[PDB]
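Shown here is one chain on its own, the form deposited without the named molecule, set out as structure tokens.
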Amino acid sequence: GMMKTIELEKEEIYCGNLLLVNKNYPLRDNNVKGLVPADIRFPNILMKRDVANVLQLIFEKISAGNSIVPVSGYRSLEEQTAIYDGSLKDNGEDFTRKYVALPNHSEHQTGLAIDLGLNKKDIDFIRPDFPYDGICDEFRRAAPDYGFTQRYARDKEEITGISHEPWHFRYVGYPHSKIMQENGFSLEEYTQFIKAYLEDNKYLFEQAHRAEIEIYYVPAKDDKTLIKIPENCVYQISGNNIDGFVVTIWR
């Protein structure tokens, strides 16, 4: 059918589900919209609306009931700064650099990241309990089917700059989360990987109808970046927070 041109300003590389935010690549757009409470039972834990909806789908699918609680979701700049400086004081500099993201380098400031914990009264905010057994592990194994990935694995510490965290999950959206799982990728790795697939060489994701999904990378131009899309497709576009765009096409 008809194709459609999308025109993107360079600053849109700093918006979207696939932002890479880490020590090297800071958040450059503090302007998160569509934050809502993740759950009636925790009004102070906010996250992006579609991400709260997805988190509810996962808890329903695994029958989590009340055994998993959200410990931290969206954090503003002032919250992250207070957490970092308070951890300097309580825990020391080595621990804090390994476990608390720098202000403006925290995925929590995007509304796409969530810290989860077993439901106890004894919950450590910085280290909540989220083991690789039982219901927490059911979540962990279901998560990539729904757009979530465990962000900081032990075998990727040298790449992520952050120590192993059982409890921290990041929404990137489907099928990206599933492709990362199949390949054992951290987000750092996936952000490089997808650059190998340009518009004339798209990555093809397909399960078993369902539907075919194509994904490709578009480098950002200095000014306006031009992307073509079929009117005959649901699509998503995200910046990668560095240098370009990932386009996802549902065929």
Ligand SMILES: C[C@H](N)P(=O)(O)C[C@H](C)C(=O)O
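Each residue number is its position in the shown sequence, starting from 1.
- The question of which stretch, 205-213 or 43-51, has the higher mean Cα B factor is settled in favour of 205-213.
- The PDB entry reports B-factors from which the mean C-alpha value can be compared for 179-187 and 222-230; the larger average falls on 222-230.
- Across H108, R127, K89, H164, the greatest Cα temperature factor reported in the deposited entry is at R127.
- For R151, the recorded CA temperature factor ranks within the lowest third of the chain's modelled residues.
- In the deposited entry, the Cα temperature factor of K98 places it in the middle third of its chain's modelled residues.
- Among the modelled residues of its chain, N17 has a C-alpha B-factor that falls in the lowest third according to the deposited record.
- In the PDB entry, a CA B factor belonging to the highest third of its chain's modelled residues is recorded for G134.
- Compared with the other modelled residues of the chain, the Cα B-factor recorded for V247 ranks in the middle third.
A second form of this protein, the form deposited with the named molecule bound, is not displayed here; the remarks below concern that form.
- Proximity of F130 to the named molecule in the deposited complex falls outside the 4.5 Å heavy atom cutoff.
- Heavy atoms of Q80 reach within 4.5 Å of the named molecule in the deposited complex, making it an interface residue.
- In the deposited complex, the named molecule sits beyond 4.5 Å of every heavy atom of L112.
- Using a 4.5 angstroms limit between non-hydrogen atoms, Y99 touches the named molecule in the deposited complex.
- With the partner removed from view, the residue among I162, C136, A143, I179 that has a non-hydrogen atom within 4.5 Å of the named molecule in the deposited complex turns out to be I162.
- In the deposited complex, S106, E107, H108, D115, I126 are the residues of 103-127 with at least one heavy atom within 4.5 Å of the named molecule, listed from first to last.
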